[PDB]
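Novice: What shape does this take:
(2 chains, ligands or ions: 6)
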Amino acid sequence: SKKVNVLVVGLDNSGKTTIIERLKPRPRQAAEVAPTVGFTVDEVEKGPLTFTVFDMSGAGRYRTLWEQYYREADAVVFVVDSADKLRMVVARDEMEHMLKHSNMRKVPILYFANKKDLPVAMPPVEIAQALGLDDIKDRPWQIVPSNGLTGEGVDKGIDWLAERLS
Amino acid sequence: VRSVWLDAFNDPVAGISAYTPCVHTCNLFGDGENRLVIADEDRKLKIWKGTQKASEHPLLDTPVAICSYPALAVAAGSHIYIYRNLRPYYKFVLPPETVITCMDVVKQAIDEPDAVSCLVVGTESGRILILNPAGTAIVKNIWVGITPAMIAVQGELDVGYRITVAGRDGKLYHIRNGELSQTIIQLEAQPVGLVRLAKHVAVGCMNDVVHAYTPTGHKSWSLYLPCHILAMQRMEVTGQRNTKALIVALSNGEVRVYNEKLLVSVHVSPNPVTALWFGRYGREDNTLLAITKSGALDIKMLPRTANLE
Ligand SMILES: Nc1nc2c(ncn2[C@@H]2O[C@H](COP(=O)(O)OP(=O)(O)OP(=O)(O)O)[C@@H](O)[C@H]2O)c(=O)[nH]1
Ligand SMILES: [Mg+2]
Ligand SMILES: [Pb+2]
Ligand SMILES: [Pb+2]
Ligand SMILES: [Pb+2]
Ligand SMILES: [Pb+2]
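Specialist: Numbering: from 1, shown residues only, chains lettered A, B, ... in the order given. Ligands and ions are numbered 1, 2, ... in the order given. Structure data below:
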């Protein structure tokens, strides 16, 4: 196989932890998933690629830790709670601080507009406006609305990322 | 210098008509995501969650101020309707024949967020009442001569606690550990707002000057302002940054953030801001909630990496 590092960041309560579970085998999956504490290294295989996945906390306190993994990251999955319009700018700021950081290389970023299933959810196009994804012009990036409960769209995304990773 | 804030979200056509004391945020529904609580001039109690209005409610009287100890507790006339979670629960009333002028909270033990807390009431009669951690019973009654106009509670009820009291007679009284201090300050003009900062209290007198005062009486600094003070509020950032700032909104439309003496941020809201709240709202800890004279709801949030040094 081929081993790659995927950093999964994004604000707290976005469904970072849940989205990764839908990449785990149906029996391996967890019932209730709990607010990630500190961070977690997991593994996922997909085809000829084996993803070494770092699930960080997005809590205020822990946001300081993502920079610890920027240097190594080969791809980043950024997660946004599509119904949480309020903290959108905050997600933008953190996203920017990441891209700016001199350790985060020009690796593929896949943005999950997660929680597509909610009534108040923001549409992928209105989100990429807020985070200003349109301005990112040096990296492969792609936004993909998802439902992490069901795994709806998760495949669509990971597949995209793996295409950039080959 | 410039504005330190992040522009969260704005609703120009909210229907909100409250000044600082009737606005509050807490964890009503315990599910972590805090809600905005407003005792509007509509004699209505509007409730905001996230970025849209959740419920409106009808209110018996037009309300003085609302706090939380969680149970929202509106004060008006002589009643204090303690709703809780969020359905009616009590109608505690002042014993002698009294009207309420201002109300705030004291931490009972922990001096930590979401701790045991006890309601604190000023009455036009001239008493300050501290109540049971339940709210059921009056715990302390300290009588002081002047009419209370606004108050700031700094400390913890068991360890040590001080309350600074803005009298309508343009004077500052102090109460340390239940005992009423003899140090009384002659303010320059009538008090407009009163904030607890780090090592001292800040008054905004009507003549557009914020004064910083030590309980001993010392005048730490003075902020002389280009316009008129409409609202003042404590901005308490915890963490590595650990600063207890002061927010002033002026009728010229600017809102300024002072780190002790030093001006750290200024921005200008389209309309003069009549109510300021800074706290956790939603899932972000450092959020500036602003209610304009035009009834708009403006929400901003302090970046993780902003310095106030
Ligand atoms: N409606 C809906 N709920 C979701 C979705 N994804 C996750 N949730 C739930 O909403 C909450 C989000 O929890 P987490 O997945 O742990 O949030 P996180 O992104 O991992 O961030 P951390 O707090 O740092 O662990 C949990 O209740 C989730 O299981 C979704 O796609 N739709
Ligand atoms: Mg997580
Ligand atoms: Pb697939
Ligand atoms: Pb009011
Ligand atoms: Pb209050
Ligand atoms: Pb003054």
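Novice: which residues does residue B:259 bridge with?
Specialist: residue B:262 (DSSP bridges).
Novice: Pretty sure it sits against residue B:308.
Specialist: Yes: with contacts counted by C-beta atoms under 8 Å, residue B:259 reaches residue B:308, the gap being 4.7 Å. Heads up, the C-betas are built off the backbone N, CA and C, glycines and all.
Novice: can you list residues touching both of these two?
Specialist: Applying C-beta atoms under 8 Å, 6 or more residues apart in numbering or on different chains, one finds that residue B:259 and residue B:308 are jointly contacted by B:243, B:245.
Novice: Now do the contacts for whichever residue of chain B sits closest to ligand 2.
Specialist: Taking C-beta to the ion as the measure, chain B has residue B:283 as its residue closest to ligand 2, at 13.5 Å. For residue B:283, the contact set (C-beta under 8 Å, 6+ apart) comprises A:11, A:12, A:13, A:84, A:86, A:87, B:32, B:33.
Novice: now do residue A:22
Specialist: A:29, A:148, A:150, A:151, A:154.
Novice: a helix runs through the first one, doesn't it?
Specialist: No: the assignment for residue A:29, made by DSSP: H, G, I helix; E, B strand; the rest coil, is coil rather than a helix.
Novice: how far away is it from ligand 5?
Specialist: 45 Å (C-beta to the ion, to the nearest Å).
Novice: what about the nearest residue to that residue once chain neighbours are set aside, neighbour count?
Specialist: Closest residue to residue A:29 apart from its sequence neighbours, by C-beta to C-beta, 6 or more residues apart in numbering or on different chains: residue A:21 at 5.3 Å. Residues contacting residue A:21 under the criterion other C-beta atoms under 10 Å in any protein chain shown number 19.
Novice: circling back: buried subset of the contacts of residue B:283?
Specialist: Using 16 or more other C-beta atoms under 10 Å in any protein chain shown as the burial test, those include A:11, A:12, A:13, A:84, A:86, A:87, B:33 as buried.
Novice: From what I see, the fourth one and residue A:12 are in contact.
Specialist: No: the pair formed by residue A:84 and residue A:12 falls short of the contact definition of C-beta under 8 Å, at 10.0 Å.
Novice: quick one: contacts for the nearest residue in space to residue A:113 that is not next to it in sequence?
Specialist: Using C-beta to C-beta, 6+ apart and skipping residues adjacent in sequence, the residue nearest residue A:113 is residue A:145, 4.2 Å away. Taking C-beta under 8 Å, 6+ apart, we find residue A:145 in contact with A:82, A:112, A:113, A:114, A:116, A:121, A:123, A:124, A:153.
Novice: Also residue B:302?
Specialist: B:4, B:5, B:6, B:237, B:286, B:287, B:288.
Novice: just residue B:281 next, same as before
Specialist: Here residue B:281 is in contact with B:25, B:34, B:35, B:36, B:287, B:289, B:299 (C-beta under 8 Å, 6+ apart).
Novice: Now intersect those with the strands, please.
Specialist: B:25, B:35, B:36, B:287, B:289, B:299 (DSSP state E).
Novice: Please identify which of those is nearest to ligand 4.
Specialist: For the ones in strands among the contacts of residue B:281, the nearest to ligand 4 is residue B:36 (13.8 Å; C-beta to the ion).
Novice: Check whether the closest one really touches residue B:48, as I assumed.
Specialist: Yes: shown here, residue B:36 and residue B:48 form a contact pair, counting by C-beta under 8 Å, at 3.7 Å.
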